[PDB]
Amino acid sequence: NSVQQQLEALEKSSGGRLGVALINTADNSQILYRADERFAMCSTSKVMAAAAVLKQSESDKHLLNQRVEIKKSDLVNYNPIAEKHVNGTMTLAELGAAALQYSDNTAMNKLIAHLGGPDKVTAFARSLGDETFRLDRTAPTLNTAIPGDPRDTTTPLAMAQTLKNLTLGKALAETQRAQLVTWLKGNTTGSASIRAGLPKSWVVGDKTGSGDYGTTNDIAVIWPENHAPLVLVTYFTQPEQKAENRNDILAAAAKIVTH
Ligand SMILES: CC(=O)OCC1=C(C(=O)O)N2C(=O)[C@@H](NC(=O)Cc3cccs3)[C@H]2SC1
Ligand SMILES: *C(=O)[C@@H](NC(=O)Cc1cccs1)[C@@H]1N=C(C(=O)O)C(=C)CS1
Ligand SMILES: O=C(O)Cc1cccs1
């Protein structure tokens, strides 16, 4: 059975809608599955917000060390790092790290607020040539992931192209690119997702998302030992609002497209 047939079968048995875009940077070849369909990004959108702040830092050498005050009233539904810092400060760099490596929603909201709102994240994506990405809401509501809702969505192909540019391409100056990569490589939330479908010793940087409608996402850059990098987006969503998340489906998709 072909890769396409395998993805079709995985999707059908899983009881959802699967979106996959793999870019092989060895030859610029692609494996696409529903790659032009919109999906709710959920917390994968934090990559774009963190990168937007990194872009700003290219013209302000003091930005990443700027103090941000964390109040009790800033806490939302999931904030394992920010809650440790209530009544204190975190730097913008520390907020980027917390957002990316722990999926701290308070940290995401501080990045968005610093930028001037969700629309500023959209404008940053557009500045990278991504005509597809849109950020409309803050956390937690950006994770509602309602079928057919365009808010806070992108397509697998658009996100793969932009993640490639961010991490391996033209988007950021070198120090900032390297910082983004360091953050992604140190993610703690992705064990059971794309990483689980790959050789254990491959280096991976990724950002997950989990939302309503059992929406389960991961976007990754993958560094094989003897090959050029791969960029992989796996998005998955289901028909029932209260559905369980399905990290294993992302692992399976990763295994299929790297087999
Ligand atoms: C850490 C995490 O939450 O993993 C997602 C998950 C997955 C997955 O795909 O990774 N799922 C499974 O493999 C499903 N588990 C079951 O269907 C087992 C059952 C439990 C209760 C009745 S059936 C769901 S249970 C939830
Ligand atoms: C990002 O996806 C974010 N998800 C949520 O806050 C969950 C919801 C909020 C409203 C409806 S559902 C955080 N990300 C992680 C992750 O990266 O997977 C989570 C596991 C949940 S918190
Ligand atoms: O407590 C407040 O309302 C303001 C803050 C100062 C420092 C962290 S939060």
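Sequential numbering from 1 along the given sequence is applied to the chain's residues. Side-chain atoms are counted along with the backbone in the values below, which use heavy atoms only and exclude waters and symmetry mates. Ligands are counted one by one from 1 in listed order, and the atoms in each one are counted from 1 as well.
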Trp183 six-ring centre to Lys46 NZ/CZ under 6.0 Å and within 45° of normal: no

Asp218 side chain to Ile194 backbone, donor-acceptor under 3.5 Å: yes

For the backbone of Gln101 and the side chain of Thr188, can you confirm whether one donor and one acceptor N or O come within less than 3.5 Å of each other? yes

I want to confirm something. Looking only at heavy atoms, which of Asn87, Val86, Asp74 is nearest to atom 1 (O) of ligand 3? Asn87

Considering non-hydrogen atoms of the protein only, which is the closest contact for [atom], and what is the distance?
| atom | answer |
| --- | --- |
| atom 4 (O) of ligand 1 | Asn247 ND2, 4.0 Å |
| atom 11 (N) of ligand 1 | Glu244 OE1, 3.4 Å |
| atom 13 (O) of ligand 1 | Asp248 OD2, 2.9 Å |
| atom 8 (C) of ligand 3 | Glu69 OE1, 2.4 Å |
| atom 4 (C) of ligand 3 | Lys71 CG, 4.1 Å |

Working note: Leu232 + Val20, criterion side chain to side chain contact (heavy atoms under 4.5 Å, CB included); need CA distance, chi angles, decisive distance, verdict. CA-CA 7 Å; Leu232 177 58; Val20 179; 3.9 Å; yes

Using side-chain heavy atoms (C-beta onward) and a distance below 4.5 Å, is [X] in contact with [Y]?
| X | Y | answer |
| --- | --- | --- |
| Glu11 | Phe236 | no |
| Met48 | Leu135 | no |
| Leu92 | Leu63 | yes |

Heavy atom of protein inside 4.0 Å of [atom], strictly below:
| atom | value |
| --- | --- |
| atom 19 (C) of ligand 1 | no |
| atom 9 (O) of ligand 1 | yes |
| atom 25 (S) of ligand 1 | yes |

Spacing of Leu172 atom CG and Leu166 atom CG [to the nearest 0.5 Å]: 5.5 Å

Distance (rounded to the nearest 0.5 Å) between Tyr235 OH and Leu250 CG: 11.0 Å

Please determine whether any non-hydrogen atom of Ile70 lies less than 4.0 Å from an atom of ligand 3. yes

Quick check: are there more than 12 heavy atoms from other residues, nucleotides or ligands sitting under 6.0 Å from NZ of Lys55? yes

So with a 6.0 Å cut-off around CD of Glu131, is the heavy-atom count from everything else above 12? no

Residues with a heavy atom under 4.0 Å from ligand 2, by chain and number, are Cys42, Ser43, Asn77, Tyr78, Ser103, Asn105, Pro140, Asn143, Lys207, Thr208, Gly209, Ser210, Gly211, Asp212

I'd like to know whether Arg134 forms a side chain to side chain contact (heavy atoms under 4.5 Å, CB included) with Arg38, so could you lay out the CA-CA distance, the side-chain angles of the two residues, the decisive distance to 0.1 Å, and finally the verdict. CA-CA 10 Å; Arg134 53 184 288 177; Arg38 283 183 179 278; 4.0 Å; yes

Using a 3.5 Å cut-off on N or O atoms only, is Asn245 in polar contact with ligand 1? no

Counting only heavy atoms, which portion of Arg246 has something under 4.0 Å from ligand 1: side chain, backbone, both, or neither? both

